[PDB]
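Enquirer: Pasting a structure here, questions to come.
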Amino acid sequence: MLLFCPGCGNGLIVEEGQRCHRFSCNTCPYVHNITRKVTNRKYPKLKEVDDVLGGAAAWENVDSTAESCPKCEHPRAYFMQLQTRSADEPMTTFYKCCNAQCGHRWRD
Amino acid sequence: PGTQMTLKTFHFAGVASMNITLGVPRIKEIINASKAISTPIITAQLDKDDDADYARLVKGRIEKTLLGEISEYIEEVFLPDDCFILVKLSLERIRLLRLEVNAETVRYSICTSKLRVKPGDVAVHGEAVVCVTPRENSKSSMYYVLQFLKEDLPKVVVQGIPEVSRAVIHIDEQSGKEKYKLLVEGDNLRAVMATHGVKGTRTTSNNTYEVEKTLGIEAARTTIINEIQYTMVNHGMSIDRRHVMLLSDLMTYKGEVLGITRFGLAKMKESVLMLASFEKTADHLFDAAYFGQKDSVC
Amino acid sequence: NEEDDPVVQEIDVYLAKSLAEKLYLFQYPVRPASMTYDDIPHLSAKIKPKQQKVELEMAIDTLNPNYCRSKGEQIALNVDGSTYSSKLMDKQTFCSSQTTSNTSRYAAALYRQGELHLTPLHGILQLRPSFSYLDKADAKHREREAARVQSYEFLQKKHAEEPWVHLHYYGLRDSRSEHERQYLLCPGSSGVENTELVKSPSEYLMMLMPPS
Amino acid sequence: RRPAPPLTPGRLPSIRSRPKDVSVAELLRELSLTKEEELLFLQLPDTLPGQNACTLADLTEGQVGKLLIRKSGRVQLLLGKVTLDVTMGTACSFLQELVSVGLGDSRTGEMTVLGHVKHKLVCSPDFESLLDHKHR
Amino acid sequence: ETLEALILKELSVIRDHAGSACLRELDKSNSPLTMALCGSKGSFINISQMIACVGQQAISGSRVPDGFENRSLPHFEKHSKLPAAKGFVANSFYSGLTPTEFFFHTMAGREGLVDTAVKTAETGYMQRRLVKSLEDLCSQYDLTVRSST
Amino acid sequence: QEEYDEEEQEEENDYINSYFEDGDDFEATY
Amino acid sequence: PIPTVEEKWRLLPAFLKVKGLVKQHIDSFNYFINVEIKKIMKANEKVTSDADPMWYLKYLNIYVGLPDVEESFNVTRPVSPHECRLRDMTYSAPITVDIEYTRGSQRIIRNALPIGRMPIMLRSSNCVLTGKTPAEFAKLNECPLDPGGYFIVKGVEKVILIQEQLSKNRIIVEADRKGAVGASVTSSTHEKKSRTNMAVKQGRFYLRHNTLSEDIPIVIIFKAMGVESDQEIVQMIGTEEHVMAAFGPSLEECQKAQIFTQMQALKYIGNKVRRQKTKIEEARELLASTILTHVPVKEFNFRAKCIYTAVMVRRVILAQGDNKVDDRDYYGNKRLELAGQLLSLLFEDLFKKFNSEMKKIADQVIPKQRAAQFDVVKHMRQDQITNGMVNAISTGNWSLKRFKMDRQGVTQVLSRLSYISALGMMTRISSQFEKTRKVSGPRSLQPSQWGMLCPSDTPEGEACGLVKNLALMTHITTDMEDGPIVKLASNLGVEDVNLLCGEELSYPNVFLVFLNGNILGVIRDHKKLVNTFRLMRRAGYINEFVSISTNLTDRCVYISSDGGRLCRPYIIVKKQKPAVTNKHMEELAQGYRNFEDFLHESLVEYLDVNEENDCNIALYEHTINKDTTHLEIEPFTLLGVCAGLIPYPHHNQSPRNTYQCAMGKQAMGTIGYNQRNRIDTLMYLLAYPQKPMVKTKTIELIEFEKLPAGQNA
Amino acid sequence: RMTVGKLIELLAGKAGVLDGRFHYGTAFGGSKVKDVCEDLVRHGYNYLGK
Ligand SMILES: [Zn+2]
Ligand SMILES: [Zn+2]
């Protein structure tokens, strides 16, 4: 931790003495006798367990619609909207995702 | 295509919170063929794709785990005798993470650390408690190196690869089958692909320079075409296969993967007149008269 | 506001300027409030009221159970190369600084049995332990082993023009201390005098905030 | 072993081996219940109303103050007509003592220690009531 | 972040439902519907935005950021995580936009104006870097492509 | 390979010039 | 149902009658030729020679007369603006000063000495075109609808664009490629601008400055400033376990180096610094009033500087390790600059140059003299000042070597294409940022600006946000003093910084006071402080243009009183209800109880961008809640001048709104009442202008129905 | 272009030129499409625009 001297006001660093170590400083004569036990306990931040990302569980969060996809004739599919600048004028595009045994991703 | 390629994050959703650049930056980095790549993502497949417990076991294998995050608590004890630092290894957090690091493993990782330490005053007391006594020599007192070893104990890696930073497992579903794919975010593929968990046969990378260093120059012309086509289908556009096949073979015929920069163009072409517009005031112009090379007008 | 009239405490306030002239408040930001400096024997005290500069010189026990005589000998050789009148370090010097020369608001208050006394303060100084004995020491050691604008030297000459005053120390229990306490305590006028200052609040706020 | 290494975060407790706010009214009630004698340091509003400026130096001696303690309220000082309120601010945690310096002719000097102060009060004018009285 | 996406899809469901209910009430002679069916100039999203509701005005694929003190605009409350407060527009173009909704709609108007105004510089850099690289690659008469050398 | 910037190193060409019309109203030849 | 008052729409015309749209450009000049012209005069008043201390110059008073022209000989007649616009002359008036010079042995006081000329605004107080009548405006061949505000130099109309810059005397904490970094820019009343920055790397703080060669630890600067004990340093830094663990490396580095006394610290600073008188003296003068000029020192006390640096270190400590950074796109800190301050700097530099020039011409004629009397009037010229002013206005390249600054493209030709383009040019504001493609934040619409800059009004093309226009309700605060403010602050009960120690500032209840980037002191119960300050401001003692806010994250109150701030009038609410009633607006409709009387009766008040951050504002009256503090007068005031010509702006889309705002200044139409008399380079006229059927209230506010630029079809 | 204010502008202009008074079209207010549609009937024309 941070410990200062009461006389001068500077900091102290532990050094070796004659028989045992002592708290001394290089600014003014001041020695403190080391006693039975002084101890500082710290609690470093531990790490947690990581989660598995991806899967249909997270895909159920986003809501889907009813539009057929011409790959396997399956009506269930996810639709999203996006803004894109075309060559002539602004144009809103839709991203299509097939929620089936094939699972394709299209952009029309 | 690049003209209409100036939009923001396209497939942005809470499902996958993964920062991967896709658009004109990715195409620009591919054309420049720089060594340092941004947002590295590298995918691998497992041998056991049915059990997820094996996937969780091998996930902790390829991952840089530190000592301070696993250590329960560290404390400096002071007594009439010589002081030392004491760290309490928690076995429950190791059992929850399914790690194969024991007290001797921590001792071997500490003795093989970068800061000044040799196996003279580093011991294990019981099961998962380690005591380290700092020496008094060769730089200053032991008090100053005590504050220096306490802030690098967490920095000392106990297991994994220092290159890889973060890893997550992805779940693929089908008609009836389930698959688990391990994607990590690092650069040194030679170390992750040569692992017991992930199958080294089925593994794809994103760094063209690293994949031509590990696999080869002929295998780098295929991964540079797949990344370009993966960026063009994300925009709703369509290019021909040989259009990019000819561009991938243009920086693969002479030597290694050469980038389209000011330095690589001087390695590709050998005409000073065309470089006169790229470079600056008089450097090349005077070095040409100094050396005296013949420019071919072709 | 009907619950403010029943419970009303009466408190009288007095003012005395007998000891307001010769009074200085000392501040010690280095020392915790638990411990005190009046029990430690002091050698001497020195003052200049012109620039309001005080210096205190205290003495600690030279050979006590908690003292490093080894480093003391080294410090003695360093200072010798006469500030100290002994063979080791046994004195401590505390210097001051001028702080807010314009002292009109700050005044001390004494709370006796039932009357309060107000004494205006002259000046407030901050005493801090400075160490200037090693600077000159190492300077002398190094020089021995080797061999119109208003600037700072102007203010140093201004400080050096005036002579210096020395005083003695008096502590916790002394007849002089009780005499000073009673002189600043007893107001003398025990009569009930009123109407000493008349000022309406509408005029007091105008005196506070000048329209011009 | 009286001198112990002090701490900066724990200067007041300074245990190392073996903050609460107090109202002015509660503080004075506690000081009067035990019947002690301790010095107080207070700051007063500048340009005190009088008969240019009027401080405590250019004044007379006697009783010119009146303190009022309103129930479930605050502590209000008064000099007949003007109204002020006193509060506690910047709670002292270090050592503060006041001494009396004595000047002789040239060299003879007497410096006597009076006591220590561990409480700082601030007196302020309430402009709200003054403005209400002026406008009305 | 988990809550930011849970309510982001609840605001899109009402918009999609309104857009789908508007199609069943529209006539088969409306010029906008005819142009949307033919596909000349328009889309169904524009029809649902002009009739039913605008939707959600997102900026850089995110919600409107705070700008004074943990709040987007000073007219709202502190730490107000409400849909209509942050960035949700409810009234359509026909009814009339709220000044707070008009400001949020104008915020998205300029983000799309600055990414095409500067795109010419990057596109020109890339075009000059690509053209000067490939200017002599041609096919010979023996079905072989070679360089100038 | 030095960490340079494309803008300051590569000088602006006709590619960079964005031909766009704005209202901005108000050599020896032989 | 709630009691609604549909009468607050007539407050906006009454507010625009006194100031607003284009009158502030003239108030910036009228306050300049009445205060700042005298400020620079009292700045440089006495000049003395070096040959013999007997000759000296003095200035009594200076003023500017009326626009005059000097013809063939000894004929001064009043000139008209149209006369100068037709003869390609320059609208200027002479400057009459009272000088005093001691020639020979006696002293001479020559009154009414002309020293030069100076341009005058078209609608200023000294010009002729003021307080006239339309019948008299038609006699001088001048359009009465002309808003004015431009300069006439060589028969062209030049307008000085308002330019926005960052605030000085403040601490910024930004993030760069390495981490977090703090910076402080200072610029005092005299010519010295500095920019210091504290950087953090591997847990070691360093201070960088323009005159310093290498980085120096902050603890070294602390020990050099005057604080000797290292405990007081950490005490001033912060009393917390996590701020002390991050200050350990600095402490051990200061202990490693053999630096324990102030003299050794100053010697180290002198060895480190390089300047092209010993090292201690230069190191001491370098720390006194060189790095931080906005913090004055009484004699040699670095206590306030130590406190400021400690607050800066605590700020950079609390910033590092968190996800909080300060951005420059915030408009609460960004200040505006009109044509007044630029002219102030130019005139100050020209006056100093003229005082230093004649001092050098009369120093080598006194020793080598042939007479006994030397007159300074014969050795004087008045052409340099006029030529310099005219060239600086025409070319528009502000070059000041005394300030070490160079700016181009400040003055622009007033576009006379239409009546909207001419007025819209006066509301145009340009930024100091160059044509950078990489920057997008400042160009993007910021949530900070609300009713101060029109969002729709912006040019389409390269400049997509660098050029902005003001709103209908907008006022720029002028310069004022701080004497009464600091006096009332000290009377409220604010404690001085020299009394308390370093451990008190870390206390949560303790609050610091900031005034124009200066630590006033420590105060408790900041809520009552702010309440009493706002009450005193509403009273009328303190000026109305004083901003006061509070920050709980930083735990400090900010008091802003410098000139160049943004404020718009807001209606006050009283806990459920607006103070403005129907009986107060009936009197305004009658002809009494104007905006001044409303401001004097505590009915409305101005708020800043940072002041409205700490208050709740309601759009309408049905939305007024118990937490609202102020009420919007009119919600249609957010749109700009060019955006007020679009029918149903909320119905239209923002790109179309911007397109129409850009094309409104492009449409041709009637210019004014005298278009056949004026002879400009290129002019467009219409044949039969019609009147818009669906007009807007903003159209009537500017009277656009008298000069329309379109036709109904 | 997605401009609905043009049709309302045309409608209000027609109603004004028929009635004989200028209609206000200020932002965040002005006139609605309900009181103007019923006024276009008194004359004899169609109610919205046809
Ligand atoms: Zn010590
Ligand atoms: Zn499918």
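A note on labels: chains of the structure tokens are A, B, ... as shown, every chain counts residues from 1, and ligands are counted from 1 in their shown order.
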Which chains and residue numbers are within 12 Å of ligand 1, counting only C-alpha atoms and all ligand atoms, if I want them as a ChimeraX atom specification?
Expert: /A:3-13,23-32 /C:67-68,92,129-131 /D:3-6 /G:229-231
Enquirer: Deliver the residues from the most recent selection as a file, using N, CA and C atoms, as a JSON list (two decimals), in the first residue's frame.
Expert:
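And here's out21.json as it stands now:
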```json
[["chain", "number", "residue", "atom", "x", "y", "z"],
["A", 3, "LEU", "N", 2.39, 4.16, 2.44],
["A", 3, "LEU", "CA", 2.71, 4.53, 3.81],
["A", 3, "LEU", "C", 3.73, 5.66, 3.80],
["A", 4, "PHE", "N", 3.48, 6.68, 4.61],
["A", 4, "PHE", "CA", 4.35, 7.85, 4.69],
["A", 4, "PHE", "C", 4.89, 8.00, 6.11],
["A", 5, "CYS", "N", 5.91, 8.84, 6.24],
["A", 5, "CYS", "CA", 6.56, 9.13, 7.51],
["A", 5, "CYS", "C", 5.86, 10.30, 8.21],
["A", 6, "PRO", "N", 5.62, 10.20, 9.52],
["A", 6, "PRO", "CA", 4.96, 11.30, 10.23],
["A", 6, "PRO", "C", 5.85, 12.51, 10.45],
["A", 7, "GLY", "N", 7.16, 12.33, 10.57],
["A", 7, "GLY", "CA", 8.07, 13.44, 10.79],
["A", 7, "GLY", "C", 8.23, 14.34, 9.58],
["A", 8, "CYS", "N", 8.83, 13.81, 8.52],
["A", 8, "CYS", "CA", 9.05, 14.61, 7.31],
["A", 8, "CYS", "C", 7.79, 14.64, 6.44],
["A", 9, "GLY", "N", 7.32, 13.47, 6.02],
["A", 9, "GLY", "CA", 6.15, 13.39, 5.17],
["A", 9, "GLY", "C", 6.41, 12.63, 3.88],
["A", 10, "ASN", "N", 7.59, 12.03, 3.77],
["A", 10, "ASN", "CA", 7.97, 11.28, 2.59],
["A", 10, "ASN", "C", 7.60, 9.81, 2.77],
["A", 11, "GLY", "N", 7.91, 8.99, 1.77],
["A", 11, "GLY", "CA", 7.58, 7.58, 1.80],
["A", 11, "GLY", "C", 8.72, 6.73, 2.33],
["A", 12, "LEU", "N", 8.37, 5.55, 2.82],
["A", 12, "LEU", "CA", 9.32, 4.61, 3.39],
["A", 12, "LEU", "C", 9.38, 3.34, 2.56],
["A", 13, "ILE", "N", 10.56, 2.71, 2.55],
["A", 13, "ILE", "CA", 10.80, 1.46, 1.84],
["A", 13, "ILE", "C", 11.47, 0.49, 2.80],
["A", 23, "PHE", "N", 11.44, -0.82, 8.68],
["A", 23, "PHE", "CA", 10.88, 0.20, 7.80],
["A", 23, "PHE", "C", 11.72, 1.47, 7.92],
["A", 24, "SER", "N", 12.45, 1.80, 6.86],
["A", 24, "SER", "CA", 13.35, 2.95, 6.85],
["A", 24, "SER", "C", 13.06, 3.82, 5.64],
["A", 25, "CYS", "N", 13.70, 4.99, 5.62],
["A", 25, "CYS", "CA", 13.58, 5.93, 4.51],
["A", 25, "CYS", "C", 14.88, 6.70, 4.37],
["A", 26, "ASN", "N", 15.09, 7.28, 3.19],
["A", 26, "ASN", "CA", 16.31, 8.00, 2.86],
["A", 26, "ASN", "C", 16.11, 9.51, 2.88],
["A", 27, "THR", "N", 15.22, 10.01, 3.72],
["A", 27, "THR", "CA", 14.97, 11.45, 3.83],
["A", 27, "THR", "C", 15.19, 11.98, 5.23],
["A", 28, "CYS", "N", 14.91, 11.17, 6.26],
["A", 28, "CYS", "CA", 15.09, 11.58, 7.64],
["A", 28, "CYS", "C", 15.27, 10.33, 8.49],
["A", 29, "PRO", "N", 16.05, 10.39, 9.57],
["A", 29, "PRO", "CA", 16.21, 9.20, 10.43],
["A", 29, "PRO", "C", 14.89, 8.75, 11.04],
["A", 30, "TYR", "N", 14.41, 7.58, 10.63],
["A", 30, "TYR", "CA", 13.17, 7.03, 11.15],
["A", 30, "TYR", "C", 13.14, 5.54, 10.81],
["A", 31, "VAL", "N", 13.13, 4.69, 11.84],
["A", 31, "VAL", "CA", 13.08, 3.25, 11.67],
["A", 31, "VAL", "C", 11.92, 2.70, 12.48],
["A", 32, "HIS", "N", 11.14, 1.81, 11.87],
["A", 32, "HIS", "CA", 10.02, 1.16, 12.52],
["A", 32, "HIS", "C", 10.29, -0.34, 12.62],
["C", 67, "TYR", "N", 15.54, 4.50, 16.57],
["C", 67, "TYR", "CA", 16.43, 5.45, 15.91],
["C", 67, "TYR", "C", 17.52, 4.67, 15.19],
["C", 68, "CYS", "N", 17.87, 5.10, 13.98],
["C", 68, "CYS", "CA", 18.94, 4.48, 13.21],
["C", 68, "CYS", "C", 20.19, 5.34, 13.36],
["C", 92, "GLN", "N", 14.08, 19.57, 14.02],
["C", 92, "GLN", "CA", 13.20, 19.63, 12.86],
["C", 92, "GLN", "C", 12.74, 21.06, 12.66],
["C", 129, "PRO", "N", 6.80, 20.92, 7.17],
["C", 129, "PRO", "CA", 8.19, 20.52, 7.42],
["C", 129, "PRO", "C", 9.00, 20.51, 6.13],
["C", 130, "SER", "N", 9.90, 21.48, 5.99],
["C", 130, "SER", "CA", 10.80, 21.56, 4.85],
["C", 130, "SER", "C", 12.19, 21.10, 5.26],
["C", 131, "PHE", "N", 12.92, 20.53, 4.29],
["C", 131, "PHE", "CA", 14.27, 20.01, 4.52],
["C", 131, "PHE", "C", 15.23, 20.75, 3.59],
["D", 3, "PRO", "N", 4.35, 7.24, 17.51],
["D", 3, "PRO", "CA", 4.28, 7.57, 16.08],
["D", 3, "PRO", "C", 4.07, 6.32, 15.23],
["D", 4, "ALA", "N", 2.95, 6.30, 14.50],
["D", 4, "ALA", "CA", 2.61, 5.22, 13.60],
["D", 4, "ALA", "C", 2.49, 5.74, 12.17],
["D", 5, "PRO", "N", 2.85, 4.94, 11.18],
["D", 5, "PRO", "CA", 2.76, 5.38, 9.78],
["D", 5, "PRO", "C", 1.32, 5.68, 9.40],
["D", 6, "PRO", "N", 1.01, 6.93, 9.06],
["D", 6, "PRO", "CA", -0.37, 7.28, 8.71],
["D", 6, "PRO", "C", -0.70, 6.91, 7.27],
["G", 229, "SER", "N", 6.61, 18.03, 0.04],
["G", 229, "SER", "CA", 6.27, 16.71, 0.54],
["G", 229, "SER", "C", 5.48, 15.93, -0.50],
["G", 230, "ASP", "N", 5.91, 14.69, -0.76],
["G", 230, "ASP", "CA", 5.26, 13.85, -1.75],
["G", 230, "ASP", "C", 3.88, 13.37, -1.30],
["G", 231, "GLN", "N", 3.61, 13.38, 0.01],
["G", 231, "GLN", "CA", 2.30, 12.97, 0.49],
["G", 231, "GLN", "C", 1.21, 13.94, 0.06]]
```
Enquirer: Name all residues at most 7 Å from range 85-98 of chain D (count only C-alpha atoms; drop same-chain ones fewer than 5 positions away) and give them as a ChimeraX atom specification.
Expert: /C:24-29,31-33 /D:12,24,75-77,113-125 /G:504,524
Enquirer: Please identify all polymer residues within 9 Å of residue 132 in chain E, counting only C-alpha atoms, omitting same-chain residues fewer than 5 positions from it, and present them as a PDB file with N, CA and C atoms, in the first residue's frame.
Expert:
```
ATOM      1  N   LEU B 265       4.162  -2.239 -57.349  1.00  0.00           N
ATOM      2  CA  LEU B 265       4.089  -1.875 -58.759  1.00  0.00           C
ATOM      3  C   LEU B 265       5.478  -1.674 -59.352  1.00  0.00           C
ATOM      4  N   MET B 274       6.305   5.727 -65.984  1.00  0.00           N
ATOM      5  CA  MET B 274       4.999   5.591 -65.347  1.00  0.00           C
ATOM      6  C   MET B 274       5.083   5.828 -63.843  1.00  0.00           C
TER       7      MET B 274
ATOM      8  N   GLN E 127      -9.793   2.926 -58.601  1.00  0.00           N
ATOM      9  CA  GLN E 127      -9.797   2.804 -60.054  1.00  0.00           C
ATOM     10  C   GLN E 127      -8.435   3.126 -60.651  1.00  0.00           C
TER      11      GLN E 127
END
```
Enquirer: Find, counting only C-alpha atoms, the residue in B:275, B:1, B:225, B:10 that gets nearest to residue 82 in chain A.
Expert: B:10
Enquirer: Give me, as a ChimeraX atom specification, the set of residues whose atoms come within 9 Å of any atom of ligand 2, counting only C-alpha atoms and all ligand atoms.
Expert: /A:69-74,77,97-105
Enquirer: Could you check the closest approach to chain A for each of B:89, B:36, B:260, B:288 and tell me which residue wins, using only C-alpha atoms?
Expert: B:89
Enquirer: Write out as a PyMOL selection string which residues come within 12 Å of residue 86 in chain B when counting only C-alpha atoms, dropping same-chain ones fewer than 2 positions away.
Expert: (chain A and resi 39-42) or (chain B and resi 71-78+83-84+88-89+121-126+128-134+146+149-150+153)
